[PDB]
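In order, the protein sequences belong to chains F and Z. Residue numbering for the first sequence is 83 to 127, 173 to 254, as defined by PDB author numbering. Residue numbering for the second sequence is 534 to 787, 795 to 827, as defined by PDB author numbering. Quick reminder that beta carbons are idealized off the backbone N, C-alpha and C, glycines included.
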Amino acid sequence: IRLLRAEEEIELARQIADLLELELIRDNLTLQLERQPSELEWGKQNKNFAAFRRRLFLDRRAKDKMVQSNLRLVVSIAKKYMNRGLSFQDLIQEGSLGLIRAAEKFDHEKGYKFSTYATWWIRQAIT
Amino acid sequence: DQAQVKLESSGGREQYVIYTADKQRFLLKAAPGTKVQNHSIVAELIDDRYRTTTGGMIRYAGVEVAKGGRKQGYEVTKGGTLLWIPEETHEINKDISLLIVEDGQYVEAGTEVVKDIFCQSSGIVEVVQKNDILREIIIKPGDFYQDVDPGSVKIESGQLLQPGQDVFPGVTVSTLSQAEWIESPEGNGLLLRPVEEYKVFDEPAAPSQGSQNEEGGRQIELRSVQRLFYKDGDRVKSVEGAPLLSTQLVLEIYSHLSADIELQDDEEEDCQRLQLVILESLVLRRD
């Protein structure tokens with residue numbers, strides 16, 4: 083997998099924020115309609176449901192792309208914590224979970240890059 | 534001849550600058566005892582001039598350049614007066630909601646801000662956004678006037694400017710400046726940009742390295758032709774001062797391999813002179 087650029091990070095962060103607010107309104111609908119929201123959506127309120180599925184697919188693909196493109200940063204960070212009790216692959220997987228949290232907590236309206244906030248969350252998950 | 538180089542550490546790293554009777558200081562920043570071949574860095578020299586302000590656009594007219602690759606350098610022959618238009622860039626990737634100043638007005642150098650970034654040179658702001666992302670911030674450092682609709686020949690964006698010219702009744706113009714209008718939002722401005730005059734010599738002053746040896750079948754004689762790595766089509770986007778050329782040394786000698801070292805050989809006084817020696821040492825067995 084190749085590495086991203088900065089405008090790619092801005093666009094993927096916009097799509098990730100769209101995905102997270104859609105999941106927020108989905109979670110309050112599950113809290114209201116007793117967990118039967120698989121056929122319910124507030125993004126429309173036949174082709175509209177296909178457009179909604181396409182939008183959800185592109186936002187989930189944007190989140191997975193922003194997570195997948197930054198797995199080299201996890202390997203560059205987790206090579207420092209090598210001999211404290213875990214193996215290398217466990218540190219890589221836990222730092223990947225921290226990178227998932229950093230990708231779902233990123234704010235593109237601050238001007239800062241993704242790598243600093245990602246480094247904070249990856250080191251948090253490893254420790 | 535006329536060389537004097539010793540150790541001198543005042544501002545930075547290791548620094549072995551030579552002394553010449555033509556009042557020109559020469560230096561190579563690489564380590565003493567290098568291995569070089571033809572078309573390499575041999576020395577360079579400091580410059581009192583050519584300390585530019587920022588980036589800009591260069592379009593030379595009536596001088597020849599001869600190079601194939603842009604990363605090699607052009608062996609310049611003629612001199613001539615060439616262009617210099619100041620234009621400061623900011624190559625960033627922020628958001629348009631991070632933008633703090635309005636486009637089309639005059640800011641001040643240092644005390645201003647362009648999307649959480651402090652300014653360097655006061656001028657007219659130019660902005661380009663593409664996908665709600667601030668791709669660049671352009672600040673052309675020139676004095677700004679506000680007088681539009683002349684009904685005259687003030688549009689002269691092709692040719693240069695003369696101090697005895699007239700573009701409007703009551704416009705101060707002394708230094709050479711290029712003109713193009715500002716399409717301001719509810720504004721009637723027109724900015725002039727301080728074009729600076731640059732010119733270089735035909736061939737640089739350097740004494741010819743005399744040979745006191747046999748020189749049977751071969752001889753060493755290097756020339757110092759400074760290289761151009763700028764062209765017409767490129768515009769430079771430096772946020773700070775960047776030199777155009779370097780007064781530098783290149784050694785050529787006539795596949796072929798060569799390994800040249802440097803030392804300090806002097807048997808006249810207690811000093812160190814310019815010494816660049818080669819000898820194809822064979823190894824006869826003493827046994």
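Beta-carbon contacts of residue i that lie in its chain and below 7 Å, excluding the five residues immediately before and after
{"i": "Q815 (chain Z)", "result": "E802, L803, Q804, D805"}
{"i": "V201 (chain F)", "result": "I219, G222, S223, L226, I249"}
{"i": "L185 (chain F)", "result": "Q97"}
{"i": "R726 (chain Z)", "result": "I618, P619, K673, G675, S710, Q711"}
{"i": "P718 (chain Z)", "result": "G637"}
{"i": "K770 (chain Z)", "result": "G588, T622, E624"}
Separation of residue j from residue i, as counted between CA atoms
{"i": "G766 (chain Z)", "j": "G774 (chain Z)", "result": "20 Å"}
{"i": "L111 (chain F)", "j": "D636 (chain Z)", "result": "44 Å"}
{"i": "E716 (chain Z)", "j": "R584 (chain Z)", "result": "32 Å"}
{"i": "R84 (chain F)", "j": "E91 (chain F)", "result": "13 Å"}
{"i": "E747 (chain Z)", "j": "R756 (chain Z)", "result": "21 Å"}
{"i": "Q216 (chain F)", "j": "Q195 (chain F)", "result": "16 Å"}
{"i": "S542 (chain Z)", "j": "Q548 (chain Z)", "result": "6 Å"}
{"i": "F651 (chain Z)", "j": "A594 (chain Z)", "result": "36 Å"}
{"i": "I574 (chain Z)", "j": "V550 (chain Z)", "result": "15 Å"}
{"i": "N721 (chain Z)", "j": "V681 (chain Z)", "result": "5 Å"}
{"i": "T780 (chain Z)", "j": "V704 (chain Z)", "result": "40 Å"}
{"i": "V706 (chain Z)", "j": "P696 (chain Z)", "result": "6 Å"}
{"i": "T567 (chain Z)", "j": "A799 (chain Z)", "result": "9 Å"}
{"i": "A189 (chain F)", "j": "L632 (chain Z)", "result": "26 Å"}
{"i": "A563 (chain Z)", "j": "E577 (chain Z)", "result": "11 Å"}
{"i": "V569 (chain Z)", "j": "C811 (chain Z)", "result": "25 Å"}
{"i": "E641 (chain Z)", "j": "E729 (chain Z)", "result": "21 Å"}
Own chain partners of residue i with C-beta closer than 6 Å, once the 5 adjacent residues on each side are dropped
{"i": "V758 (chain Z)", "result": "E608"}
{"i": "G656 (chain Z)", "result": "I672, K673, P674, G675"}
{"i": "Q127 (chain F)", "result": "none"}
{"i": "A536 (chain Z)", "result": "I551, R813, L814"}
{"i": "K611 (chain Z)", "result": "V596"}
Sequence-distant residues of its chain with Cβ nearer than 8 Å to residue i (five each side left out)
{"i": "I629 (chain Z)", "result": "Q662, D665, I666, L667"}
Exposure label - residue i; buried when at least 16 CB within 10 Å
{"i": "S654 (chain Z)", "result": "buried"}
{"i": "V660 (chain Z)", "result": "buried"}
{"i": "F241 (chain F)", "result": "buried"}
{"i": "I204 (chain F)", "result": "buried"}
{"i": "residue 57 (chain F)", "result": "Not covered by the structure: residue 57 (chain F). The range shown for chain F is 83 to 254."}
9 Å Cβ cutoff, residue i in contact with chain B
{"i": "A177 (chain F)", "result": "Absent from the structure: chain B. Protein chains present are F and Z."}
Check whether the segment 557-570 of chain Z and the segment 233-252 of chain F touch, using three or more Cβ-Cβ pairs below 8 Å as the test. no
Contiguous beta strand (DSSP E) assignments of at least 3 residues, all confined to the segment 592-640 of chain Z: 624-628
What are the start and end residues of each continuous beta strand (DSSP E) run of 3 or more residues lying completely inside the segment 687-730 of chain Z, in chain order? 710-714, 723-727
In the segment 549-594 of chain Z, which residue ranges form an unbroken beta strand (DSSP E) of at least 3 residues, counting only runs that do not cross its ends? 576-578
Are three or more beta carbon pairs between the segment 592-605 of chain Z and the segment 706-715 of chain Z nearer than 8 Å? no
Kindly provide the ranges of any alpha helix (DSSP H) runs that are 4 or more residues long and lie completely inside the segment 215-251 of chain F, ordered along the chain. 215-230
Threshold first: 4 residues or longer. Then list the alpha helix (DSSP H) segments lying entirely within the segment 173-204 of chain F, N to C. Listed in chain order, they are 174-195.
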